[PDB]
Each structure stands twice: as structure tokens, then as C-alpha cells.
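1. need a structure here:
(chains A and B, ligands or ions: 24)
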2 protein chains.
Amino acid sequence: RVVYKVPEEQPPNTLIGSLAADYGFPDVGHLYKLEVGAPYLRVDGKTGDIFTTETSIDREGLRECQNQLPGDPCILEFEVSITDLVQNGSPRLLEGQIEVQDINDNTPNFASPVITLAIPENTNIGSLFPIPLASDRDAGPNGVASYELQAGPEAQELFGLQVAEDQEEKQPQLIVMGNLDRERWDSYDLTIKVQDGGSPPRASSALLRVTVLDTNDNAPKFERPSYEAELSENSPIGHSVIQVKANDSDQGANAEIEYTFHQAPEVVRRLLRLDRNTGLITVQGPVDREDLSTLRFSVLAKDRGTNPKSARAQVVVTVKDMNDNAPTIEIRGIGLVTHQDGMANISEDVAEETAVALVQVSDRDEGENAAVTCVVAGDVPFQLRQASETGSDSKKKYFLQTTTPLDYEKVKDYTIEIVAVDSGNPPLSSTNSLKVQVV
Amino acid sequence: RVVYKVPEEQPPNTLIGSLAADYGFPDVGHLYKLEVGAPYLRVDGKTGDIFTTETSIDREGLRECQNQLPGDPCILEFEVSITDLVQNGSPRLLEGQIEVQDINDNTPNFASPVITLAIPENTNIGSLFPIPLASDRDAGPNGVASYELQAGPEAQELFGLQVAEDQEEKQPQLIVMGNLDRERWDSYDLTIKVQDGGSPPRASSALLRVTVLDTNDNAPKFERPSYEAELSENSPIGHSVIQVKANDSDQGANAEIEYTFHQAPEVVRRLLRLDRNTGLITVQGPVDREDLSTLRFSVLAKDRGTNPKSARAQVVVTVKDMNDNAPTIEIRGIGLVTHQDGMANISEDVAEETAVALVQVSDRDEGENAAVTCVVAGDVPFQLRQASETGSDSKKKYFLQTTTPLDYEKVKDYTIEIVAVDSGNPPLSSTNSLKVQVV
Ligand SMILES: *[C@@H]1O[C@H](CO)[C@@H](O[C@@H]2O[C@H](CO)[C@@H](O[C@@H]3O[C@H](CO)[C@@H](O)[C@H](O)[C@@H]3O)[C@H](O)[C@H]2NC(C)=O)[C@H](O)[C@H]1NC(C)=O
Ligand SMILES: *[C@@H]1O[C@H](CO)[C@@H](O[C@@H]2O[C@H](CO)[C@@H](O[C@@H]3O[C@H](CO)[C@@H](O)[C@H](O)[C@@H]3O)[C@H](O)[C@H]2NC(C)=O)[C@H](O)[C@H]1NC(C)=O
Ligand SMILES: *[C@@H]1O[C@H](CO)[C@@H](O)[C@H](O)[C@H]1NC(C)=O
Ligand SMILES: *[C@@H]1O[C@H](CO)[C@@H](O)[C@H](O)[C@H]1NC(C)=O
Ligand SMILES: [Ca+2]
Ligand SMILES: [Ca+2]
Ligand SMILES: [Ca+2]
Ligand SMILES: [Ca+2]
Ligand SMILES: [Ca+2]
Ligand SMILES: [Ca+2]
Ligand SMILES: [Ca+2]
Ligand SMILES: [Ca+2]
Ligand SMILES: [Ca+2]
Ligand SMILES: [Ca+2]
Ligand SMILES: [Ca+2]
Ligand SMILES: [Ca+2]
Ligand SMILES: [Ca+2]
Ligand SMILES: [Ca+2]
Ligand SMILES: [Ca+2]
Ligand SMILES: [Ca+2]
Ligand SMILES: [Ca+2]
Ligand SMILES: [Ca+2]
Ligand SMILES: [Ca+2]
Ligand SMILES: [Ca+2]
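-> Numbers count the residues shown, from 1 in each chain, chains lettered A, B, ... in the order given. Ligands and ions are numbered 1, 2, ... in the order given. Please see the structure below:
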């Protein structure tokens, strides 16, 4: 009817207590038989002495106390029946109770010998991150008592050990104490150590890995800020113009880049295609220099981050000239010489070095492809003389003057064909006529 | 019945000849009427004098002599009838003939005031190239007599004027006297001048253009002889590896280049694609560094000439490592400790710092992705000690030794789980077990 406090895991045949403190007398005509708790306990039979056995009483692994709360003790009950050896025929039944005293026979440890914590790279100082707890099958001071953060020099002054001391359970926590930057270090090796509070203390150690996640904190940047390239007029579709490239220090989709035309006039969009993945600018239209000599635009690199960061680069492509236009001869009336549908009305009186018509010839190409030379065909008395001076210009003009004295009778009409050709390869030629009619 | 030689284009009423040399007498009872050649000739009627008219006799443009050969003269016949004025009733019929003497009234000229000759750029010295002839409506010395080649300084000492003097006709010819090279000059401006042989002489001048055709005499050349590039393991299909570029000084199809793998092992062909037109090498397979750390090959640029000229360029791509392989834990028997299906048979006698098994852990990645750390899980009396020294190698090995004194009774069997993790981002972990059974 009284309780007996006993340590667990005692050695066999350890005296727990004597019922001498109870009502019976020592070895006095009473048989002490045990009826309950047979596996663990054992009685002297003659005396009221209780003893242990070779089946060690284990607080941690005994049914009676498995799902228990911290405050409650581990109890196992027993029933010792005493029968008077004087043949009196009425056994007494003494109910008894054992409170198992705990002892530090279990080590605290973590579910896994390694722990992986994931911390965004620009988390503000003071941020907390929980660590998986260590469990101790023991109770009281023999349970989890204190953690400790063992880290290297670099890791020190970045991470600290703060512990929520909530009566529920020890909550360990990693406090961020410095700025992280995945583009500098993306892995840290901490070591966490746990101990229990009974002496001598038990301990465990798990490796705490801290990897840092990527934030889109870096925008893309182009190899060089601006791009130059040349491209031949009338190039074949698919011909490669230039390749633009930018790279981003981030990781994953925060560094995956896509290229797109930024503020490109329609005229350029029609003629150029920009492969968004490879950043390759190729031709997709008729590159005609005479329409546009040089095309300018800016390309945009955008990383695939949720809040994507941009980057701009200027690019200019100069179009190299091709000889795809022939010279053009125009004939018009100089001074008082009216022209109409390619005809002229002249008298045979003013006949020497007299300008009849003014011819201007011009070629839309560049340089040697517009270096035009012009002459008069056949045998007709009309010289082409240098009209005026534009320097060394590609377009020139000539006085179409007379070289002979004319007479209405012998010569009646004319048909003059002027021929022009450019110094190209292949060369291009044009011809234009003029029927000077005399009166 | 006699012939009369007369120049053409005479002035009207020019005395050609008198029939006084014939049988009749001057103005003696004979009427001289003209019956043939009315348009051009005219007779005095009283005398036997023949005269011209205002319809000028033209050798060049008269029907009687159009399709004639050089030797033949221009003839026109006439019939003068004489009737005796003494009423004798039997007219005599005098047949006569005029040979038109030629005079230099026509200028030699070319069909076109400009002539375009096409000369391959590496034609050997001495090669001949015909020039269109000049035509002269005149005949004899009044016809084409001599050409002349008027050229600039640069053109001089490259081209000469040689003339086939075949009795058929003057054949002008341009003789090549120096090496041409379209990659140096692709256009030349000669001037050809023709004259006739009657004095004063007539002349014409046509511009003779000489353009040079392209021969595939230049092979392509790469921007730089060799190419380096980096490429991340397991890159997405289509990702741009590098762009190779070569250019050729020729023109047209002799400079159009196509790029193809030259002597590339199949392993590289499976993983890389080379766009033959743009020369862009992109990814088309699983880039696995552990299979090949760096891929080397050579690319070929071939111009589209009929006899195409080649160009080779070496290229090496180093594969950047990714953490796509987890560490591997192997457990094997050290010394006299036989292992079988992950078991061991040990006695509790040798118990302190006694190697039970040998563990070797290794990661196929590189650097931090193979920087492995290894530990023992849970609470079990077995320490991992540094087995031996490979320096700072990525693969390590540990003695799996005992840390406590064992006894067959209290401890009966074990299950040890070794855990390994690499210093990657993300990190990869592996685990391997070993059931050491005691006897
Ligand atoms: C994004 O692109 C830029 C520009 O290409 C990269 O920066 C460049 O990286 C190369 C490779 O290391 C550097 O080459 C270095 O050159 C110096 C001499 O200039 C030499 O001493 C080194 O041994 C090395 O060969 C280059 O200097 C550097 N340029 C700049 C302006 O930074 C950048 O690395 C790329 N991004 C990533 C994530 O790789
Ligand atoms: C085929 O590609 C080669 C290599 O890119 C071209 O040769 C290069 O042409 C550029 C453009 O003129 C040259 O730039 C020059 O640089 C010098 C200083 O190095 C500067 O003083 C000049 O004003 C000019 O900017 C470059 O030097 C030259 N490199 C070599 C090795 O020749 C070549 O032109 C291309 N083929 C064709 C037909 O264009
Ligand atoms: C020349 O005069 C005729 C006569 O009326 C006229 O029809 C023609 O248009 C004139 N041409 C020029 C160029 O003056
Ligand atoms: C241990 O001994 C048992 C007994 O036969 C045997 O079956 C087993 O294979 C042995 N294992 C080792 C690792 O020696
Ligand atoms: Ca216990
Ligand atoms: Ca404990
Ligand atoms: Ca305990
Ligand atoms: Ca950062
Ligand atoms: Ca980042
Ligand atoms: Ca980014
Ligand atoms: Ca054009
Ligand atoms: Ca052009
Ligand atoms: Ca032109
Ligand atoms: Ca007149
Ligand atoms: Ca004539
Ligand atoms: Ca002539
Ligand atoms: Ca003549
Ligand atoms: Ca050449
Ligand atoms: Ca060539
Ligand atoms: Ca070529
Ligand atoms: Ca791989
Ligand atoms: Ca790898
Ligand atoms: Ca790895
Ligand atoms: Ca023993």
C-alpha cells in the first residue's frame, strides 16, 4: 500500500525494499507470495524483502509508461499476498507500487546525421531559421539540455545559435548575422552539437549544411556595350548578320536570357530577325542600300526571372553597296530651248558650240558603282561638253552642244542616242534618245 | 559604148563627158535625147555633152551597187538616142556606162559607242581577245585603215593592240600583256580609235571597257585559326555553343562558304550540330562531362566553286561541370574481415580502434561538386577514422573502427548506415548500410 522509488536498469537481485515497514513481522509464520509484476520483481518468501531480477526494469522501454507526459512518473504496480502459516485460511492482499527513477542511459541525437537548411541569399540580418530538434528518450535533467554551433572562421560572424526557451521543448534556431551572396559562396559547413543535462553528460553531433538559394539580384550584361557589323546589299535570306550575347551571374531561370528587339523601327524589323534564344541576328528581307544606307537599333536581353531584369545594347549595321542600279540619263531644255516628249526645234543659224539640250546622268549606287561615263552614239554632229562643276561627284551633267554648221536643206532631222555606263563589275548601261528637229 | 569615170556627190550640172569623142559631130542636125538613167544624168540635146543634176549620184546609197564585192566598181548605165534632124527616120542608139569613183564621204564607226570585253583574271600573257570591228560605207583607201588603243597609265603595260591583217578585213585584237587580278582591279577604261585611209582622214572613238571575271583563286580563311569555348554540362537543346566564321576574297559562288564537320568523332557529332550556312555550332544532345570532359574537333569551310578550295580550323570546347551525380559509398572487407551481402562476423574480444570494414566514398563531379563529407548515422559505437592519404583528393576512404568494448550478451547485432554528401548547390547525398553481426 506504500510506494517504493527505485532506479531503473539496476543489477539483478538488488534489494528494493522490505515490507518490515509494513504490518507483517520478519519470517513469522507468513508466506509472502508474489502475484503481480512477475517478470521484473522477486520476493524472498520468508521475509518481506523485495528484489529485482535479471529482466532489468527499463523506464524507457516498458509498456506501463510509453505514452506519458513529462510530469508523470513511470509506475508499475504489484500484488504481494501473505498467508498465515498457522492454517488460518484468510490471505491478506498487499497492493504495492514502484516509481521508476530515471537515469541517463540514452543519448540525444538527430533524426539525420546531416541537416540541410535553405536560406535565400539576401535575407536580412536577424532572420531566424529552425533546426530539427534532437530527441532524448530520457526525462528531466537527463534529457536535452543545450545545443551548440561549431563553425569555421568564415561561417562564424555569419550564423549564430539562438534558442527559443519555450517550456514545450528546446527550440534551436539559426540566426543570420551577415549578408549572404550566392554569387560569392553557395555552401557552408556548420556543425551542431547537442547535450543532455545529467552528469556525466551525453552528446551528439550532426553536420548542418547551409546552402543559399538564388535571387534575381543580378541583371544581364552584354559582352560589349555596342555592336558593329557590315552586311552586303541584297544578301540571301538566312545570311548571318551578327550574334549578340549577354550573360548573367545568377543561376537557373534568373540567368536564362532571351533577346528581343527594343525600339527597332518597322523598317528594320521587316529586314532582320533576332533568334530570341541564340541571340543570332540574321536577314529576312531585301537589304537595299539605296533605301537605307545603315540600320541602327537596340537589342534587349531579359532574364527569365519572375521580376525580370533588363539590359540594352546599341547595334549599327552598315550596308555595303552593290551595283544593283543602272545609270539614269535625263534630258531637259537649257535656257530658251523648249523640250517636249523628247523633241527640239532649232534653226540652222546658231551652229557652233551651241547648247541644244542639257543632260544630267546619275547612278544611285556608291563609288565605282556610280562612277558614270557618258558618250554620244553613232556619227552625229553633237559633242558632250562639261556642263558645270560638282567636284568629283558621282552625278554629272553635260552641255549637248553642236560641233558642225547646220543647214535646213541637207540635214533635216536627227535622232541622238546618249549612252551611259558605270565602272561596276558587272557594269550597267543605260541609253536615252533625243530627236532634235530643225526648222 | 564607152565608159566615163566620174566622182560621186558632184555638184549639179557638172560636165561628165562629151560624145564628141564618139562618132557624132557638134550640134550638126542631130537631136541627143536621153532615155535611161533619167534621175541622175542630163544631156545638152544640141551637143553631145553629158551633165549631172541636183539628184546627186551617190555610190554608197544607190541601188545599182548595194550588194557588191570590194573589187567590183559601181556602174550605172544609160542610153542616149540620137536622131538625124534631116528627117532620115532611123535613130541611132548609143549605149553608155558610168563608173562611179568613190570619195571619202563616210565616217568609220562602231556598232556601239561603248564596248565591253570580259577577260578571266588570270589569263596568260599573250592571250588575244577580238574587238568589234568598225565599218566604213566607203571602199578602197577611203575605208577602214588603222585602229589605235588609247589607254591610261595603269592600263598601259597591261593591254596592247595587235591587228590580224587578213585580206578579208582588218581584225583588231586586244593582247594581254600583264597579269590581271580581280581582287586588285575589276574594271579598266580603254579607248579605241579607228581611222580611214583617205586624206583628209575620218575617225571615230569608242570606249572599250575591260571587266575581269572571277576565278576561284583564293581559298577561304577563318577569322582566327583556332576556337575555344566553354559549355555547361546538360545544356538545353538548341543552346548556342560557338560560331565559326571564315571569309573568301573571291566573288559570287567562289566566296559562298559552307561549314561541315571535318574529322569529328561520332561522339561529338551526336552532341553538336553545325549549321552549314551560318556556321553556328549548337547543342543537339546530352552534354555529360563525366562521359567527356572536353570535346575537340576540326571544322571545314568550303567555298562553292566548281573546284572548291578548303580551309580547316581546330576547335576545343571544355565542358563545365554540374552536380548531376551523387556520392557513392562502397563498403568492403579490410584484412581478415570477410564481407558478404553487407554482413560481418566479429567477436566481442578485439574492441577498441579495431577496423571492421573499409569504406571508400567517391563523387564523379569536379571540385566542390565532388567535395564529399561522410558520417555515421544514429547512436552506434563505430567511428570513421582517416583511412589513408590521397592528398586533397575528391575521393576519400575511412577505417570503420570500433569505439567501445563490445560483449556478445548485451549487444547482439547492428545496422550501421553511413551517410555522404557533396558540397554542391543543390547538394546530393547517398547512404549505404552494413549489418555487423557479432558472434
Ligand atoms: C560574361 O562575359 C564577360 C565578358 O566576356 C566575362 O568576363 C570575362 O571573362 C574572361 C574569362 O575569364 C576574362 O578573361 C580574362 O582576361 C584577363 C586579361 O584581360 C586574364 O588575365 C585572365 O586570365 C582571363 O583570361 C575577361 O577578362 C573577362 N572580362 C571582363 C570585362 O570581365 C564574364 O566572366 C562572363 N560571365 C560569366 C559568369 O562567366
Ligand atoms: C576576313 O576577315 C578578316 C579578319 O577579320 C578581315 O581582316 C580584318 O579586317 C578588319 C577590317 O578592316 C581590319 O581592321 C583593321 O584593324 C587595323 C588595326 O589592326 C586598323 O588600323 C584598321 O583601320 C582596320 O580597322 C583587320 O585588321 C583585318 N585583320 C586581318 C588579320 O587582316 C578581312 O578583311 C575579311 N575579308 C574581307 C574580304 O573583308
Ligand atoms: C516644234 O514645233 C512643232 C510645230 O507646232 C510643235 O508641234 C512641237 O511641239 C515643237 N516642239 C518643240 C520641242 O518646240
Ligand atoms: C557469418 O557466419 C554465417 C554462419 O554460417 C554465414 O552464413 C555468413 O555468411 C557469415 N558472414 C560473414 C560476413 O562472414
Ligand atoms: Ca533504461
Ligand atoms: Ca539523455
Ligand atoms: Ca533513462
Ligand atoms: Ca547575390
Ligand atoms: Ca543571385
Ligand atoms: Ca538575373
Ligand atoms: Ca538596292
Ligand atoms: Ca546598290
Ligand atoms: Ca550603278
Ligand atoms: Ca542654206
Ligand atoms: Ca556618197
Ligand atoms: Ca571612210
Ligand atoms: Ca564614199
Ligand atoms: Ca585574283
Ligand atoms: Ca578570284
Ligand atoms: Ca574561293
Ligand atoms: Ca553528367
Ligand atoms: Ca557533373
Ligand atoms: Ca556530386
Ligand atoms: Ca561477457
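2. going forward, measure contacts between C-alpha atoms and count neighbours the same way
-> Noted.
3. residues of chain A that sit close to ligand 10?
-> Contact residues (Cα under 5 Å from the ion) of chain A with ligand 10: A:216, A:218-219, A:254-255.
4. would you list those residues in TSV and tack on secondary structure and neighbour count?
-> Formatted as TSV, the residues of chain A next to ligand 10 follow (DSSP: H, G, I helix; E, B strand; the rest coil; neighbours: other Cα atoms under 10 Å in any protein chain shown):
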residue	secondary structure	neighbour count
A:216	coil	21
A:218	coil	17
A:219	coil	21
A:254	helix	24
A:255	coil	22
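5. and those residues near ligand 23, which?
-> With the criterion set as Cα under 5 Å from the ion, no member of these is near ligand 23.
6. in chain A, which residue sits closest to ligand 8?
-> residue A:181 (4.0 Å; Cα to the ion).
7. how much space between that residue and ligand 9?
-> To ligand 9, residue A:181 is 7 Å away according to Cα to the ion, to the nearest Å.
8. surely that residue touches residue A:121?
-> Yes - counting by Cα atoms under 8 Å, residue A:121 is a contact partner of residue A:181 at 5.1 Å.
9. would you mark the buried spots in stretch A:429-439?
-> A:429, A:431, A:433-438 (16 or more other Cα atoms under 10 Å in any protein chain shown).
10. out of those, which comes closest to ligand 2?
-> residue A:429 (26.8 Å; Cα to the nearest ligand atom).
11. so how many other residues sit close to the residue nearest to that closest one when sequence neighbours are not counted?
-> In this structure, residue A:429 finds its nearest non-sequential neighbour in residue A:421, 4.2 Å apart by Cα to Cα, 6 or more residues apart in numbering or on different chains. Other residues lying near residue A:421 total 24 when counted by other Cα atoms under 10 Å in any protein chain shown.
12. does residue A:421 belong to a helix, a strand or coil?
-> On the three-state scheme (DSSP: H, G, I helix; E, B strand; the rest coil), residue A:421 is labelled strand.
13. contact partners for it?
-> Residues counted as contacts of residue A:421 (Cα atoms under 8 Å, 6 or more residues apart in numbering or on different chains) are A:326-327, A:372-374, A:427-430.
14. same deal with residue A:346?
-> Residues near residue A:346 by Cα under 8 Å, 6+ apart: A:356, A:436-439.
15. now residue A:107
-> Counting by Cα under 8 Å, 6+ apart, residue A:107 touches A:136-137, A:196, A:202-204, B:379.
16. check which helix or strand covers it.
-> Under the criterion DSSP states H and E, no helix or strand holds residue A:107.
17. same deal with the one 10 residues further on?
-> Under the criterion of DSSP H and E, residue A:117 resides in strand A:114-120.
18. state the distance from the residue nearest to residue A:429 to ligand 5.
-> Taken as Cα to the ion, the span from residue A:421 to ligand 5 is 112 Å.
19. how near is the closest residue to ligand 16 within the stretch 301-439 of chain A to ligand 23?
-> Residue nearest to ligand 16 within the stretch 301-439 of chain A: residue A:379 (11.8 Å; Cα to the ion). Applying Cα to the ion, the value for residue A:379 to ligand 23 is 91 Å.
20. could I get the contacts of residue A:346 in JSON lines, plus columns for distance to residue B:108 and secondary structure?
-> Formatted as JSON lines, the contacts of residue A:346 follow (distance: Cα to Cα, whole Å; DSSP: H, G, I helix; E, B strand; the rest coil):
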{"residue": "A:356", "distance to residue B:108": "25", "secondary structure": "strand"}
{"residue": "A:436", "distance to residue B:108": "23", "secondary structure": "strand"}
{"residue": "A:437", "distance to residue B:108": "25", "secondary structure": "strand"}
{"residue": "A:438", "distance to residue B:108": "25", "secondary structure": "strand"}
{"residue": "A:439", "distance to residue B:108": "29", "secondary structure": "coil"}
